Every structure is written in C-alpha cells, then in structure tokens.
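Colleague: Take a look at the following structure, please.
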Protein chains: 2
Amino acid sequence: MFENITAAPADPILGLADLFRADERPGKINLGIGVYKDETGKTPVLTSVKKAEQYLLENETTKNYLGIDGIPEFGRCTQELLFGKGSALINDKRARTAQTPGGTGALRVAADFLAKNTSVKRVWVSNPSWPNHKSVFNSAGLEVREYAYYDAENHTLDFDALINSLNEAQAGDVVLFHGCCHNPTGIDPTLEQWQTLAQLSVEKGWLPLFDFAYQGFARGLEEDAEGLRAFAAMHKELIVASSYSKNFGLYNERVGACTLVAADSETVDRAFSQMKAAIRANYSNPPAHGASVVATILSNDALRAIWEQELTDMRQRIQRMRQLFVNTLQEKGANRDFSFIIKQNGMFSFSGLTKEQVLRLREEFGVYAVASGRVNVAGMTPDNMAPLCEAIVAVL
Amino acid sequence: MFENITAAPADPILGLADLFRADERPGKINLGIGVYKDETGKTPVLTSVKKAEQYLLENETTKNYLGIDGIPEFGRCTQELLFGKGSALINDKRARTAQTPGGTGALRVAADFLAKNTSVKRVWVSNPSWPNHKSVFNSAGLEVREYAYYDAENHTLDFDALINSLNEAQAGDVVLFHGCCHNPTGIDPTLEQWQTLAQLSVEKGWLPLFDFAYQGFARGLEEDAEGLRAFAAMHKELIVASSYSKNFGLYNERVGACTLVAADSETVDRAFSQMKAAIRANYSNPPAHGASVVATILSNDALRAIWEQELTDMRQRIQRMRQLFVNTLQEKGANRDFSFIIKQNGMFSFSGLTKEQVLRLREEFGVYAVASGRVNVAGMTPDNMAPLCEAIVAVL
Ligand SMILES: *Cc1c(COP(=O)(O)O)c[n+]([O-])c(C)c1O
Ligand SMILES: *Cc1c(COP(=O)(O)O)c[n+]([O-])c(C)c1O
C-alpha cells in the first residue's frame, strides 16, 4: 500500500523547528515559528492561566464529553470579544460558535462546512498569507486563488491592486481577511479601508471569512476587532475563525473557535447543525482544558484583569524589540533602511530578505527565519539582538 | 449563502445527550453515550489522573506548540500498549504514531492520509458498527461498504457470513476491525478466529485498520491486544486508531493515537510525513493536556499501578452490572431470556430492542438507549437497576 508514497516536503514554518533543535551550535537564534518569548528567551505559561489551572484541578468532577460545539461559556465570551458586549448579532442570536482545536481546526471546520453545504468553489487568500491556508482549504476540496496585497517597494498595503485583484472574484466566493496583525506582513487595512472593503463585498456577493490569531497584539482587544465589526454591521453572513493560542500563550492546548453568522437565528442554527455534523465526522467534540481555562479567566473579574495585563506586557515588549532591531541594525552596519518594520503590527517583521539571504543566515550564522523573510520579533531579546543584527548585515 | 442549507439529522449517539438533559422528568436513566458511571451514578475524573494533573500544574514551564505528531513519550507507550514491550515492530522501527484528538481524530487522519496517498476507494466496516465510522470515512472521500457480523437469532458472531461477505473485498481495500469490545455488539473474535482472519487478509491483500477504544475493558490490557498482535505478526502494513478516552476516563481532553506501520522504517517514515502533512492541514498539532497525563501515568511505576487498579474496578463493576441486569430482568417479569448479554464484552449490551421499544422507553419511561437497542451497562447502578428493568419488561 505505502511503497510508492513519496515523502512530503517539510512545512515552511514547522519544518524550521525540526532543524533548529537538531542543530548543536550553541548560539543559534530561533525567530521562526511565532511564539512569544519574554526578555529571558522563554515562553512561560502565563500566571493568569496557572491560577485558572489550579482552580480546575480543585474544581473539576468529570472529564465526560463536551458537546460537539464545546463549552457554551467559551462560546459567548468569544462572541463578545469579537463582536462587542451587547452587539446586535449577539442579541439577535445571529451567531453560533463552536469551540475547536486552535485556529487551524476552526479554519478547516469552516472549509469542510462550506464544501459540503455551500456552492463555494473558491476561497481567495492574500498574497502573501499564512502558508498553511492553502493546504487547509485544498484538503476540503476548495480551490484557493490569490489576491494582491503587499507593495514590497514601498512596504505598504497596495489597496488598489487588492481592489482590482478581487474584481475577478465572483458572487459566492469566500474571501479570507486577516483581522489584524497580518501574517506574514503585519500590514493591516486602516478602518477607512476596511469599511470600503465592507461595502464592496456587500455588492459583489463575497462571503467574508475572518482569520483572528492575534487579537490584542496590534492596538488592543477592541481596537483590533474594529474591521470585522465594520463587516459585521453590513453583512448578513460571515464566518470568523478565532485562535487563543497566541493571546493566551496556550499554544499546545489548542483552543479556538469557528463562529458562524447568518441572517437570523433560524438560518444560523440550521447551518450550525451541518457545521456540527462536519465537526463530528473529523474529531468528535473539542479538547476541554485549554477552552476551560479561557472561559475561567474571562469569567473572573480579577483573573481577567491579570491576563489583560499579561497580554499588554507582550504587546509592549515586541514593540520595544522592533525599535531596538531597527536601531541596532543601523549601527551594526545595516546596508538598507529597515525603518518600515516599525510600522508593522504583531509578532512579525516581514523583512525583505531573499530565500538565499534566509538560507545563508541559518546555514552559517544559525539564525532561523522563514524562507519568505518573515522573522519573529517576539523571539528577539536584548541579549541576542546584537548577534542577530551582525548576522543580517553580513548577508545583505 | 446559507439560505437553503437543510438542518442535519441529529446524531444517534450524541443527539440522545441533547434530549436527555432537556428532559425534566426526575427519574430518567441515561444508558446512551458509553461513558463509565460508578456506583453512585457519576463519572469522576480518575485519581491517577488528578495526581498527574497536580504534577503538571507544578511542573510545566510552557504551553509552546507540540510537534505535529505530539508527545514522543506518548507515542512509544501507546506502541508498547498495543504491540507489547520488546515487540518486533517497535525494535525494527516499523511503527510511527501521531498523538490525535481522540480516536475519532485518529480515524479521520487515517482516512485523509489513505485518500490522498493511497489507492483505496473502499473501507469495509462491520454490520453493525459505531454509527460515526461511515461519516468519518465518507468525509475523506472514501466509500464505506458493509460486511456481515452479528447473528441476531443466536446472538453470536456469524463468522462464515463475515468470511463470505469479505470475499467481495478486493486487494487494496481497507477492512476495519474493532480490536476488542465491539461497539455495538460486544461480540469479538476468538483468538483462533482472529488468526484465521489474519491469514486471510494476507492472501486477499486487505489493509487492516484496527479501531481500539476499549482496550482494558474486555479481559485486560494485554489480553485485549492479542488479535491485533496476531495481525501484526503477519502483516507488513497496518494502521491502528487508538483512544484513551474510555480507559483513562479522559473523554473530553481528547487523547488518542493514529499509528502507522509499514514494511520497514524508511517506508514507514516516508508514509508518516504525508500523514503528518494531513494532520497539519486539519488541526495543527494535538492538544497537550490529556496526552501529557497518559504519558505521566504510564511513565510512573506508582501512578501506573493506581490507574491499572482504577481500570480493573471499572471492568469489574460493569461485569457485576451485567449479571445484575440479567437477574433483575428475570424476576421483573422479563418476557425473553436475556442471558446472552452475559457473554458480551465492554460497556454495552446489544439488546434486541426494536426502534419502537427504544422510542417508547425514552418517551414514557425516560430511559435512553440508542435506537439500535444498544444500552450502556456502565450507566446502570444498584439503585436504578429496578426502575430500568420494569421499564424494559413493560415494552417487551
Ligand atoms: C498562528 C496562526 C494560525 C494557527 O492558529 P493555531 O491553530 O495555532 O491557534 C492560523 N492563522 O491563520 C494565522 C494567521 C496564525 O498566525
Ligand atoms: C468511543 C469510541 C470512539 C471514539 O473515540 P473518542 O474520539 O471518543 O476517543 C470511536 N470508536 O470507533 C469506537 C468504537 C468507540 O467506542
């Protein structure tokens, strides 16, 4: 059966982690995967989630199966985080959310749903985008086409080319938007550019799929959800795939949500029974621990307060690391002006490094960046900033 | 987009849980889903897993992403539990296991793998089988055909009809076997019947997919893995989907494994990179907590000892509940002889109840059984045994 199965290519993000760790050069720098690191090079489990975990350890009586859609508490808090407390879609009972294994699991459940219950043949995804978007949507059967997005010379969002790109998208096509902290560019629409796109998918008939992995990392939790809320005020139907792996530092527990919105509660609940039938045919019901923790933290005035401060410290430490990196690069001999990365949002810096600058950096300096030139700024600390900038300016 | 989406039918196992709980009749009995209950009507979280959880709470430093295939420790213990310590496939490095969200997630990953990397068009599944088998394999693209299995008059495995059924299976087809505690019948092959099937899939060219949800519940952990080990000694390629939701009482954390075996380590690792590419395109990497606990318990001499006793108490309490149920039924006026359910293995009793005996029992006595007449014996306690038997004999 398995004799002529070819070996798959390694994952462009995760394949790095395999190589990094097998390397026994002592001064290597990771900058690959997109996990926060603190000033000391470590990804601690947050304190708000250690208190919540002690709590579940004292207060759980059963591990008996969650419903197909998970913890209801988790569901309404996620909807409030996305749409706002007292939003009109919450009140009209227009949204239905399923707890999922991370944002990837929410993105696939969406894809599986749409493939067997919808007309959609095409998902539109930005150029550039998360590398695994294409792989999740092709596995469901859907075709992935690309729209323009980043102007590389000017280091801006190329809004016009994004508009003219999408004029080849039909009514009935999915268009994926990153909510904030665009992965990989970190370049996001202004509010004014999002209400322009809000209005345009309304007369073009696109179904919006918002991907939210980094809410809380660009300006703040509410500030980051504005673009989606500009679409939500206008659209009868949306879907958002949300992840709490980054903002909760809960990466390996796999906590996310696929939230469905239709024109009214009857349609949304009818559509939701199919989405739940897709979830059953894949894994059965979602992993409890991680979602259990999000919901304990968001249900507690005190424990929520502590998380929101932990998330603000991260937002700020990455911002500090950005200015540091453009300053250090400067005085380390930097051949170009890298000041544009200051204006980018989130964990990443989309540097202009070529695939070979990036290959040379791993294979002789041991600093790991994705082959697109995406480097994780949250993986930089004041101790490794100098090694790292000396490596980039010797490859320039 | 979602206007003419029809509502899905409710799940035959999980849809029960929705109805049970919405019912506010005080004496209702659940008997539906296949979760263990102790003498007091409760599914406690085991003590071996509460000690292991205290431990992770004291000893974890990060929630940073697991590899696509999860915890390696989890992987080798699962292989040892399935194949035996010092098995030849472990030593020849012939097996590769990925940690998954429960046994359902392992069964889908298998299906996704085989669909894009194999010739297989057909998975053969028993009649009767777990209701969701068909749904997981059809979602991957595969067709599901059925083979004969249970003789309902005699209450036996109908081995001949199982043989003649499968003579319509081609070389290259998947045939799914339940390892032990057949869901729904609880009727399993003898060892002699399994080495006969072991030999027959070898000259017929079937790929064996073993489903293991209840290892430790029929005779014991090693005793229960004998059939699979009879196939493993003969086959160059197998796949087993394993779950630790039942034997670890870890239902909602979602801990299982998809373990791949090929003729040699090169092929198995080549095939495994594709299986890992399927896992990435669905959820990304597995939920850590539940697998983390299995591996702490199995890595500890003491904590393992405590689990194995907890699993023996369950095995025994269900056996006690079986004799009780056939005894009580007898003296409650039982119209037929139900002594055959004594000879069945696992949590379930495949009673001969018709869909209408089963509908009448929920809708007027409030005892919930699956529409196949599958009743969960682990949901019976000495306090609810009499209500329950009075209900069955009034519907007979
Ligand atoms: C991190 C990330 C994901 C994956 O989320 P998780 O499954 O790890 O939670 C998905 N998408 O799409 C983007 C853009 C991410 O940055
Ligand atoms: C319980 C059970 C499953 C599902 O396993 P989990 O995902 O809940 O662990 C799958 N199969 O196939 C059978 C027979 C089961 O009894």
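Colleague: From the Cα gyration tensor of the range A:275-370, with a ≥ b ≥ c the square roots of its eigenvalues, which class applies: rounded if a/c is under 1.5, or else prolate if a/b is larger than b/c, or else oblate?
Modeller: Working: a/c = 3.41, a/b = 1.68, b/c = 2.03.
In terms of gyration-tensor shape, oblate.
Colleague: Quick one: with label points 7 Å out along Cα→Cβ, list the inter-copy distances for A:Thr61 in nm, shortest first?
Modeller: When each copy's label point is compared with this one, the spacings are 3.8 nm.
Colleague: Choose one answer from B:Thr43, B:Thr354, B:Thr62: the residue with the largest mean-square fluctuation in a GNM of chain B with alpha-carbon springs under 10 Å.
Modeller: So, out of B:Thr43, B:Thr354, B:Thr62, the one fluctuating most is B:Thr62.
Colleague: Using θ = phi - 60° and the Karplus relation 6.51 cos²θ - 1.76 cosθ + 1.60, list the HN-Hα couplings for the range B:10-17 in order, rounded to whole Hz, with x at every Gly or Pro.
Modeller: Result, ordered by residue: 6, 5, x, 9, 5, x, 4, 4 Hz.
Colleague: Okay, moving on. Compute the distance from the alpha-carbon center of the range A:205-258 to that of the range A:299-338, in whole Å.
Modeller: Centre-to-centre distance over Cα atoms comes out at 21 Å.
Colleague: Now, a different point. Given a 10 angstrom Cα cut-off, can you work out which residue in A:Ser242, A:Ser201, A:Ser273 is the most mobile in a GNM of chain A?
Modeller: Among A:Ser242, A:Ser201, A:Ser273, the largest mean-square fluctuation in the Gaussian network model of chain A belongs to A:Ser273.
Colleague: Next up: Under 10 Å, Cα contacts only: if you run a Gaussian network model on chain B, which one of B:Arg362, B:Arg315, B:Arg336 comes out with the highest mean-square fluctuation?
Modeller: In the Gaussian network model the winner is B:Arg336.
Colleague: Near A:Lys37, which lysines are there with a Cα under 21 Å away, not counting those fewer than 8 places off in the same chain?
Modeller: A:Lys28, A:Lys50, A:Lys51, A:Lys246, A:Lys343, B:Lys63
Colleague: Tell me the net charge near B:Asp151. Cut-off is 10 Å between Cβ atoms, B:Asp151 excluded, with +1 for each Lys or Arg and -1 for each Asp or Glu.
Modeller: -3
Colleague: All other residues with a Cβ under 10 Å from the Cβ of A:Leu329 taken together, and with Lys, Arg as +1 and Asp, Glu as -1, what is their net charge? Write down the numbers at each step before the final one.
Modeller: Details: positive: A:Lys332, A:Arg336; negative: A:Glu331, A:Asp337, A:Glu390.
Net charge around A:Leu329: -1.
Colleague: Give me the dipole magnitude in Debye, nearest 20, for the range B:45-315 about the Cα centre, with unit charges on the beta carbon: positive for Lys and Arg, negative for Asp and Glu. Please list the in-between numbers first.
Modeller: Numbers: 25 positive and 33 negative charges, 192 e Å.
Computed charge dipole of the range B:45-315: roughly 920 debye.
Colleague: Given A:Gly333, A:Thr40, A:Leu361, which one lies farthest toward the positive end of the charge dipole of chain A, if we put +1 on the Cβ of every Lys and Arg and -1 on the Cβ of every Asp and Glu?
Modeller: A:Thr40
Colleague: On to the next question. Let me know the charge dipole size of the protein assembly as shown about its Cα centre in debye, to the nearest 20, where only the beta-carbon of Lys, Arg (+1) and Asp, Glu (-1) is charged.
Modeller: With only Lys, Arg, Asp and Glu charged at Cβ, the dipole is about 140 debye.
Colleague: Shifting gears a bit: Non-local amide H neighbours of B:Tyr147 (under 5 Å, H modeled in plane, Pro and chain starts lacking H): which ones?
Modeller: B:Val125, B:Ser126, B:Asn127
Colleague: Another one. Could you work out the mean count of beta carbons from other protein chains within 10 Å of each residue's beta carbon in A:101-110? Walk me through the numbers on the way to the answer.
Modeller: Working: counts 9, 5, 2, 7, 6, 1, 4, 4, 2, 0.
Averaged over the peptide's residues, the number is 4.
Colleague: Moving to a separate point now. Please compute the average number of Cβ atoms from other chains found within 10 Å of each residue's Cβ in peptide A:60-71. Display every interim value, and only then the final one.
Modeller: Values: counts 5, 4, 8, 17, 14, 11, 4, 5, 5, 0, 1, 1.
Mean partner shielding for this stretch: 6.
Colleague: Considering the Cα positions of chain B, please state its Rg to one decimal place and its Dmax as a whole number of Å.
Modeller: Cα radius of gyration and Dmax of chain B are 21.1, 62 Å respectively.
Colleague: Okay, next question. Using only the Cα atoms of the range A:164-319, build the gyration tensor, take square roots of its eigenvalues as a ≥ b ≥ c, and label the shape rounded, prolate or oblate: rounded if a/c is under 1.5, else prolate if a/b is larger than b/c, else oblate.
Modeller: Oblate, since a/c reaches 1.5 and b/c is not below a/b.
Colleague: Taking beta carbons within 10 Å but only from partner chains, what does the mean come to for residues B:271-281?
Modeller: Working: counts 7, 4, 7, 5, 3, 4, 7, 3, 1, 10, 12.
Neighbouring Cβ atoms belonging to other protein chains average 6 per residue here.
Colleague: Now for a separate question. Of all DSSP beta bridges in chain A, what percent run antiparallel (nearest 5)?
Modeller: Counting DSSP beta bridges with both partners in chain A, the antiparallel share is about 50 percent.
Colleague: Related question: Once each part is reduced to its C-alpha centroid, what is the distance from the range A:344-366 to the range B:5-50 in angstrom?
Modeller: Cα centres, the range A:344-366 to the range B:5-50: 52 Å.
Colleague: Follow-up. If only Cα atoms are counted, what is the Rg of the protein assembly as shown, and what is its Dmax, in Å?
Modeller: 27.1, 93
Colleague: Let me ask another. Only counting other Cβ atoms within 10 Å, I'd like B:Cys258, B:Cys180 sorted with the fewest neighbours first.
Modeller: So the residues, fewest neighbours to most, are B:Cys180, B:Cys258.
Colleague: Check which residues have an amide H placed less than 5 Å from B:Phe177's amide H, if you skip close sequence neighbours.
Modeller: Answer set, sorted by chain and number: B:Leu209, B:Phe210, B:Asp211.
Colleague: May I pose another question? Once label points are set 7 Å from the Cα along Cα→Cβ at both A:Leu396 and B:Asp160, what is their separation, rounded to one decimal in nm?
Modeller: Roughly 8.4 nm, to one decimal.
Colleague: Where does the range B:123-226 land on Rg(C-alpha)/(2.2 N^0.38 Å)?
Modeller: 1.03
Colleague: A further question follows. Could you tell me which of B:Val144, B:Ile342, B:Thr381 has its Cα farthest along the dipole of chain B towards the positive end, charges placed at Cβ (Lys, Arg +1; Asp, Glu -1), taken about the Cα centre?
Modeller: B:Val144
Colleague: Consider just the alpha-carbon atoms of the range B:260-325 and return their Rg together with their Dmax, both in angstrom.
Modeller: When restricted to Cα atoms, the range B:260-325 yields Rg and Dmax of 18.8, 53 Å.
Colleague: Place +1 on the Cβ of every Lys and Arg and -1 on the Cβ of every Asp and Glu in chain B, take the dipole about the Cα centre, and give the residue among B:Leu166, B:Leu396, B:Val125 whose Cα lies farthest towards its positive end.
Modeller: Positive-end residue among those listed: B:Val125.
Colleague: Determine, for A:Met1, B:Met275, the number of other Cβ atoms within 10 Å of each Cβ, and report the residues in order from fewest to most.
Modeller: Values: A:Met1 23, B:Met275 28.
Neighbour counts put them in this order, fewest first: A:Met1, B:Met275.
Colleague: Can you list the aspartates and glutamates whose alpha carbon sits under 19 Å from that of B:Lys116, skipping same-chain ones fewer than 8 residues off?
Modeller: Leaving aside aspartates and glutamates fewer than 8 places away in the same chain, those within reach of B:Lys116 are A:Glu3, A:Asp11, A:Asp112, A:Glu143, B:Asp69, B:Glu143, B:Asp173, B:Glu237, B:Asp269.
Colleague: If you don't mind, another one. What FRET efficiency do you get for B:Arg76 and A:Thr47 if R0 is 35 Å and r is their Cβ-Cβ distance, rounded to the nearest 0.05?
Modeller: On the way: r = 33 Å, r/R0 = 0.95.
It comes out at approximately 0.60.
Colleague: If contacts are Cα pairs under 8 angstrom and at least 6 residues apart, what is the relative contact order of chain B in percent?
Modeller: This gives 25 percent for chain B.
Read-outs throughout are calculated quantities, based only on the coordinates presented, and are distinct from any laboratory measurement. Cβ coordinates were reconstructed from backbone atoms using ideal geometry, including for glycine residues, and neighbour counts include every protein chain displayed.
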